[PDB]
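Only one chain is given next, in structure tokens, and it is the form deposited without adenosine monophosphate (AMP).
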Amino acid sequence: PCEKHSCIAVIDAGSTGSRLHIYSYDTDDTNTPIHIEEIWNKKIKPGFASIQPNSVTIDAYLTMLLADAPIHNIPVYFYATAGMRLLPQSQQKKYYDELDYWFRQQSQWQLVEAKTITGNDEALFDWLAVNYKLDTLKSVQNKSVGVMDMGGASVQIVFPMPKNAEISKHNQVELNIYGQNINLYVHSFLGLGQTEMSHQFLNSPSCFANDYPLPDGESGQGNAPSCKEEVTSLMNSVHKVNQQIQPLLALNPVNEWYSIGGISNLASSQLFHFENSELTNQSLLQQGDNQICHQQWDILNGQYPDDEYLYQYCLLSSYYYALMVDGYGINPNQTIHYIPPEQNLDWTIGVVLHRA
């Protein structure tokens, strides 16, 4: 495989574990990768930012992740995401000093870069991965495509926008893909991913099914519009989502939205009814409110006893609506396409396109 084509390894060191992807590819006459295929992968737990940063621990982790890979003497990018961004910087440096030493002691792997990427860099890769799979990159479009990543610890949004001198340079990227210049607005909200954000709402009765036992001893008394208003306060007062995103998106409309991350998991539940791997926010909120928020929990749990995430779906439906409608300003009747787990569309494909 790496005899007849180019190969590259990308490690996604995420909040709950690290995922190695090895890709083969060819390069076309615009100096852009084509024919990108995943030829091997490996996942390890727990997250890199949760292990002790010393040589024995890092050696055992990187050995577990890399030792069995079938191929040798290829470039590697090690990119940590939001879990590492949460750590103080002085603590991050301990990991990277150990990791840099480990890669210098061997030869199977040619380390190009090991770093914590910003959420803006992650948003760029998210947009390239989705558009590669949609086959919208090889041609000038005349339809704006926007991507949202609904991640566990951060969320990303990215969409085409001409260069704007009045906007931070860190929220704008310029790249040329398949011969065409592209300008994207990028943004990430650290802490607004579903797992991290959930930690603020666990004792909010509006966000759980009726009679769900909250950790403080109180009972759920669900109401999606109430839970949404709570979540919208965190989004707009702390993260300033609407103030930053909504005016820009209004002037740079997106014709199609695609979302990666947690929405398919929710949308695929037997409790929801969505078709065409898409949803509208109005439908999402109505179905969460009727089927989970105002539902008696014991009866619901009895009908779906093995779905370990079902209890969060009043909060999650409210939260997705708060982010997309109240934060980004998307119309509640706009279609959002979501991409399933069972597509194995991974943001690391964007690293291949931009950096290989």
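So that there is no doubt, residue numbering starts at 1 and follows the sequence shown. Under this definition, the rigid core comprises the largest set of C-alpha atoms superposing within 1.5 Å between the forms.
Averaged over Cα atoms, the B-factor as recorded in the entry is higher for 244-252 than for the other of 244-252 and 278-286. Stretch comparison (256-264 versus 186-194) by mean CA B-factor in the PDB entry places 256-264 on top. Out of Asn171, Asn236, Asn142, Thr81, it is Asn142 whose C-alpha atom has the highest B-factor in the PDB entry.
Out of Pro88, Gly220, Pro75, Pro225, it is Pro88 whose C-alpha atom has the highest B-factor in the PDB entry. In the deposited entry, the Cα temperature factor of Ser24 sits in the middle third of values across the chain's modelled residues. Residue-level temperature factors show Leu62 in the middle third of its chain, judged at the C-alpha atom.
The deposited CA B-factor of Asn54 belongs to the middle third of values across its chain. Annotation for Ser318: C-alpha temperature factor in the lowest third relative to the rest of the modelled chain, per the entry.
The entry lists a Cα temperature factor for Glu166 that places it in the highest third of the chain's modelled residues.
Omitted here: the form solved in complex with adenosine monophosphate (AMP). The next part is about that form.
Contact with adenosine monophosphate (AMP) in the bound PDB entry, judged as any non-hydrogen atom within 4.5 angstroms, is confined among 28-36, 61-69, 327-335, 308-316 to 308-316. Among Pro205, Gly261, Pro160, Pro75, the residue placing a heavy atom within 4.5 Å of adenosine monophosphate (AMP) in the bound PDB entry is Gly261. Between the options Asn131, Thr116, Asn281, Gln194, the residue in contact with adenosine monophosphate (AMP) in the bound PDB entry by a heavy atom within 4.5 angstroms is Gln194. Though the partner is left out of this view, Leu266 does reach within 4.5 Å of adenosine monophosphate (AMP) in the bound PDB entry, counting heavy atoms only. At least one heavy atom of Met150 is located within 4.5 Å of adenosine monophosphate (AMP) in the bound PDB entry. Proximity of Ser15 to adenosine monophosphate (AMP) in the bound PDB entry falls within the 4.5 Å heavy atom cutoff.
Just a single entry of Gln200, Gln110, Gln246, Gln282 exceeds or equals a 2 Å CA shift between this form and the one not shown, which is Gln110 (rigid core superposed).
Positional change of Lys93 between this form and the one not shown reaches 2 Å or more at the C-alpha, relative to the superposed core.
With the core held fixed between this form and the one not shown, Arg19 has its Cα displaced by at least 2 Å. Residue displacement note: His72 has its CA displaced by at least 2 Å between this form and the one not shown (rigid core superposed).
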